[PDB]
Each structure stands twice: as C-alpha cells, then as structure tokens.
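Everything below concerns the one structure shown next.
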Amino acid sequence: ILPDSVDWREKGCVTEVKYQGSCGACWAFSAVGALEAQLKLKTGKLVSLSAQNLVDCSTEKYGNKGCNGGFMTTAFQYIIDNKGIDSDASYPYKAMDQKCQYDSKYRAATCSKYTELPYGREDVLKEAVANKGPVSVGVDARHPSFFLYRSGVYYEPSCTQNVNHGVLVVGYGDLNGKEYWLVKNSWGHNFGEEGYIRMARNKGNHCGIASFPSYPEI
Ligand SMILES: *[C@H](N)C1(NC(=O)[C@H](CC2(C)CCCC2)N/C(C)=N/S(=O)(=O)c2ccccc2)CCS(=O)(=O)CC1
C-alpha cells in the first residue's frame, strides 16, 4: 500500500527552484535535485549541489554536451566516477559552458549508484517517489501549452512519449480527483506554480513522464 499523496518539500528534501537561463542544463538540474534529496536523507543537511559542475565536467566521456543537452543517468555516473560533486555555493551556476573546475576540497556529496525504472510504468514510478525519494524524469515539453502553463493539472492532447526536457518529480496527488505528478522545473520561480508544474498522472504515461525515470543513492 502506498500513500494517496506525497510532497517531498514537506520533508525538507527539496531546495529552492533554480533558473537555467539560456543554457540547456535541464538534465544537470534534474540530476542534482534528485541527489540533493538523498543527501538530506543521509546527512540531515539540505544543500544545493553544483549543476555547473555537471555542465563543465560530465561532458564528452558521458555523452553530454553541456548547454546543448545531456542525461541525468550519465551525470549520476560521473559523480560516482569522480568520487564527488561540489556544492552550488562553491561552484556557482553561470548558464554557460566552462572548463571543468571541480575540486574535491569543495565536495558536498557523493553517489554510489543509480537506478533506471522500467519504461512507462507509472505504478513503479509512484512507488519510487513514495519510498525512495524525488525521481529524475524526462518529459515532452515541446508544446506551447507547457511554456504557457500557469496552474492546475497540466494535460496536453498533442503530448507524446518522445521526451526532451529533464525535470524532477518531487511528489504526487490529486486535484479534485484529477491525479497528477508534482514536478520541479528549472525555469525559475516565475514559471507555472512558482517553479513547479503538476502534470497528469495515470493518463497513459502522459508526455512520457514515466518513460525514463531514474534516481541516485548515496
Ligand atoms: C534541457 N535543457 C534540454 N534537454 C536535454 O538535455 C535532454 C533531456 C532528456 C530528454 C534526456 C533523458 C531524459 C531527459 N537530453 C537529451 C540528450 N535528449 S535526446 O534528444 O538526445 C534524448 C535521448 C533519449 C531519449 C529522449 C531524448 C532541453 C531540450 S534541448 O534544447 O534540445 C537540449 C537541452
């Protein structure tokens, strides 16, 4: 049995909403967001981790292209391989590609492994969000309705399972029956519901939200 609703923000495991700007670092923000929750669960400290660190260092060897896109899974592997990731405070976000400047003296977190959930299974995603923590996912955000979203449960008839935008599921619930996934975006606090968007849940893997989910562990 799983809870009917979950919101990790209530558990102090979600940091402030970030603004990626003109740099396509959605994947980096999604990855750090997922790890930030695990760091809190392990150490009791809520610390924003360096998305810039991923943009600058989890590059070609990880199939990533910095401000031109990347993967949350390979970002997690970089953190594992690198034996650490710096704090956002020590390695701030500049919304541009930079030479890798990682330094272990600024290490704020580590990662031991990551898990990729089975394709399109919203029930498995629900269990992971309830029992493991926030989960990194990809969604189809190639529709004007996504950019124009303001509030309520988002549903786009033209959505597909071809995802292109990396975000973070930090909970789930229902708005007057309409089930949804609580998503933390990285487009600033002025987007949607102050940085978040509630997306249709149990509506046939709407916008591919359950297509490629993954979460790290410490
Ligand atoms: C993010 N700001 C940006 N998208 C990505 O970086 C994108 C995120 C995904 C779709 C990767 C897997 C989950 C989230 N990364 C990549 C590499 N996408 S892809 O088109 O090569 C892809 C691979 C596998 C499955 C689906 C798609 C927004 C869109 S962008 O401006 O084109 C690049 C940055």
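Chain lettering (A, B, ...) mirrors the order of the structure tokens, residue numbering begins at 1 for each chain separately, and ligand numbering begins at 1 in order of display.
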
Find the residues of chain A that sit at most 10 Å from ligand 1; for each, write down the nearest two atoms and how far apart they are in Å, to one decimal. Count only C-alpha atoms and all ligand atoms. Sort by chain, then by number going up, and give it as a Markdown table.
| residue | atom | partner | partner_atom_place_in_ligand_line | distance |
| --- | --- | --- | --- | --- |
| A:20 | CA | ligand 1 | 2 (N) | 7.8 |
| A:21 | CA | ligand 1 | 2 (N) | 9.3 |
| A:22 | CA | ligand 1 | 2 (N) | 8.9 |
| A:23 | CA | ligand 1 | 2 (N) | 6.9 |
| A:24 | CA | ligand 1 | 2 (N) | 3.5 |
| A:25 | CA | ligand 1 | 2 (N) | 4.5 |
| A:26 | CA | ligand 1 | 2 (N) | 3.6 |
| A:27 | CA | ligand 1 | 6 (O) | 5.0 |
| A:28 | CA | ligand 1 | 6 (O) | 8.0 |
| A:29 | CA | ligand 1 | 2 (N) | 8.8 |
| A:30 | CA | ligand 1 | 14 (C) | 8.5 |
| A:31 | CA | ligand 1 | 14 (C) | 9.9 |
| A:63 | CA | ligand 1 | 17 (C) | 7.8 |
| A:64 | CA | ligand 1 | 17 (C) | 6.7 |
| A:65 | CA | ligand 1 | 17 (C) | 7.9 |
| A:66 | CA | ligand 1 | 6 (O) | 8.2 |
| A:67 | CA | ligand 1 | 34 (C) | 6.7 |
| A:68 | CA | ligand 1 | 33 (C) | 4.9 |
| A:69 | CA | ligand 1 | 6 (O) | 3.1 |
| A:70 | CA | ligand 1 | 17 (C) | 4.0 |
| A:71 | CA | ligand 1 | 11 (C) | 4.5 |
| A:72 | CA | ligand 1 | 12 (C) | 6.4 |
| A:73 | CA | ligand 1 | 12 (C) | 7.8 |
| A:74 | CA | ligand 1 | 12 (C) | 9.5 |
| A:136 | CA | ligand 1 | 13 (C) | 7.8 |
| A:137 | CA | ligand 1 | 13 (C) | 5.7 |
| A:138 | CA | ligand 1 | 14 (C) | 3.7 |
| A:139 | CA | ligand 1 | 10 (C) | 6.7 |
| A:140 | CA | ligand 1 | 10 (C) | 7.9 |
| A:141 | CA | ligand 1 | 29 (C) | 8.2 |
| A:142 | CA | ligand 1 | 29 (C) | 8.3 |
| A:161 | CA | ligand 1 | 26 (C) | 8.7 |
| A:162 | CA | ligand 1 | 26 (C) | 5.9 |
| A:163 | CA | ligand 1 | 26 (C) | 4.8 |
| A:164 | CA | ligand 1 | 10 (C) | 3.6 |
| A:165 | CA | ligand 1 | 4 (N) | 4.5 |
| A:166 | CA | ligand 1 | 14 (C) | 3.9 |
| A:167 | CA | ligand 1 | 14 (C) | 7.3 |
| A:168 | CA | ligand 1 | 14 (C) | 9.9 |
| A:186 | CA | ligand 1 | 2 (N) | 8.6 |
| A:187 | CA | ligand 1 | 2 (N) | 9.4 |
| A:208 | CA | ligand 1 | 26 (C) | 9.5 |
| A:209 | CA | ligand 1 | 13 (C) | 9.3 |
| A:211 | CA | ligand 1 | 13 (C) | 8.4 |
| A:212 | CA | ligand 1 | 13 (C) | 6.0 |
| A:213 | CA | ligand 1 | 13 (C) | 7.6 |
| A:214 | CA | ligand 1 | 13 (C) | 9.0 |

Next, write the just-selected residues to a file, as a PDB file, in the first residue's frame, keeping C-alpha atoms as the atom set.
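And here is the file that came out, again.pdb:
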ATOM      1  CA  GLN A  20      18.827  27.606 -16.112  1.00  0.00           C
ATOM      2  CA  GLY A  21      18.527  30.644 -18.352  1.00  0.00           C
ATOM      3  CA  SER A  22      19.687  30.297 -21.953  1.00  0.00           C
ATOM      4  CA  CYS A  23      21.788  27.218 -21.155  1.00  0.00           C
ATOM      5  CA  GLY A  24      20.170  23.832 -21.819  1.00  0.00           C
ATOM      6  CA  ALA A  25      21.164  22.395 -18.449  1.00  0.00           C
ATOM      7  CA  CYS A  26      17.788  20.859 -17.517  1.00  0.00           C
ATOM      8  CA  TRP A  27      19.485  17.455 -17.236  1.00  0.00           C
ATOM      9  CA  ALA A  28      22.074  18.780 -14.780  1.00  0.00           C
ATOM     10  CA  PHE A  29      19.444  20.459 -12.604  1.00  0.00           C
ATOM     11  CA  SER A  30      17.286  17.327 -12.620  1.00  0.00           C
ATOM     12  CA  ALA A  31      20.258  15.209 -11.526  1.00  0.00           C
ATOM     13  CA  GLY A  63      27.722  11.591 -23.878  1.00  0.00           C
ATOM     14  CA  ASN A  64      26.750  15.034 -22.585  1.00  0.00           C
ATOM     15  CA  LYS A  65      27.036  18.356 -24.420  1.00  0.00           C
ATOM     16  CA  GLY A  66      26.831  20.915 -21.634  1.00  0.00           C
ATOM     17  CA  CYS A  67      24.464  23.737 -22.531  1.00  0.00           C
ATOM     18  CA  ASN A  68      23.365  21.697 -25.532  1.00  0.00           C
ATOM     19  CA  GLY A  69      21.899  18.836 -23.519  1.00  0.00           C
ATOM     20  CA  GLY A  70      22.706  15.696 -21.584  1.00  0.00           C
ATOM     21  CA  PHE A  71      21.480  12.756 -19.495  1.00  0.00           C
ATOM     22  CA  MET A  72      20.666  12.514 -15.787  1.00  0.00           C
ATOM     23  CA  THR A  73      21.845   8.897 -15.692  1.00  0.00           C
ATOM     24  CA  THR A  74      25.298   9.632 -17.115  1.00  0.00           C
ATOM     25  CA  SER A 136      14.600  12.428 -12.266  1.00  0.00           C
ATOM     26  CA  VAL A 137      12.432  12.127 -15.376  1.00  0.00           C
ATOM     27  CA  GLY A 138      12.222  13.321 -18.954  1.00  0.00           C
ATOM     28  CA  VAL A 139       9.048  14.867 -20.376  1.00  0.00           C
ATOM     29  CA  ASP A 140       7.781  16.079 -23.741  1.00  0.00           C
ATOM     30  CA  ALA A 141       7.812  19.860 -23.267  1.00  0.00           C
ATOM     31  CA  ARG A 142       7.785  20.668 -26.991  1.00  0.00           C
ATOM     32  CA  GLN A 161       6.248   9.875 -25.293  1.00  0.00           C
ATOM     33  CA  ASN A 162       9.211  11.421 -27.120  1.00  0.00           C
ATOM     34  CA  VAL A 163      10.738  13.295 -24.186  1.00  0.00           C
ATOM     35  CA  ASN A 164      13.140  16.222 -24.479  1.00  0.00           C
ATOM     36  CA  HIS A 165      13.123  18.052 -21.145  1.00  0.00           C
ATOM     37  CA  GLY A 166      14.682  16.850 -17.897  1.00  0.00           C
ATOM     38  CA  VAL A 167      12.837  17.635 -14.657  1.00  0.00           C
ATOM     39  CA  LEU A 168      12.285  16.249 -11.155  1.00  0.00           C
ATOM     40  CA  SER A 186      14.445  24.634 -13.597  1.00  0.00           C
ATOM     41  CA  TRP A 187      12.970  27.650 -15.391  1.00  0.00           C
ATOM     42  CA  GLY A 208       6.235  10.408 -21.358  1.00  0.00           C
ATOM     43  CA  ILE A 209       6.778  11.348 -17.723  1.00  0.00           C
ATOM     44  CA  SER A 211       9.370   6.860 -19.934  1.00  0.00           C
ATOM     45  CA  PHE A 212      12.860   7.332 -18.490  1.00  0.00           C
ATOM     46  CA  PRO A 213      12.852   7.769 -14.689  1.00  0.00           C
ATOM     47  CA  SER A 214      15.959   7.366 -12.542  1.00  0.00           C
TER      48      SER A 214
END

Region 116-194 of chain A near region 32-40 of chain A within 9 Å: what's each residue's closest atom pair and its distance in Å to one decimal, counting only C-alpha atoms, ordered by chain then ascending residue number, as a tab-separated table?
residue	atom	partner	partner_atom	distance
A:132	CA	A:38	CA	8.5
A:133	CA	A:37	CA	6.7
A:134	CA	A:34	CA	5.5
A:135	CA	A:34	CA	5.9
A:136	CA	A:34	CA	6.1
A:167	CA	A:33	CA	8.7
A:168	CA	A:33	CA	6.8
A:169	CA	A:34	CA	8.6
A:170	CA	A:34	CA	8.6
A:184	CA	A:33	CA	8.7

- Query: Which one of A:46, A:95, A:55, A:108 sits closest to residue 19 (chain A) if you count only C-alpha atoms?
  - Reply: A:95

- One-decimal distance in Å that lies between CA of residue 195 (chain A) and CA of residue 151 (chain A):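 Result for CA of residue 151 (chain A) versus CA of residue 195 (chain A): 10.6 Å, one decimal.
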
- Shortest interatomic distance to residue 123 (chain A) - which of A:15, A:43, A:202, A:87, counting only C-alpha atoms: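 Going through A:15, A:43, A:202, A:87 one by one, the smallest distance to residue 123 (chain A) is for A:202.
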
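The residue that comes closest to residue 131 (chain A), out of A:171, A:176, A:110, A:189 and on the basis of only C-alpha atoms, is A:171.
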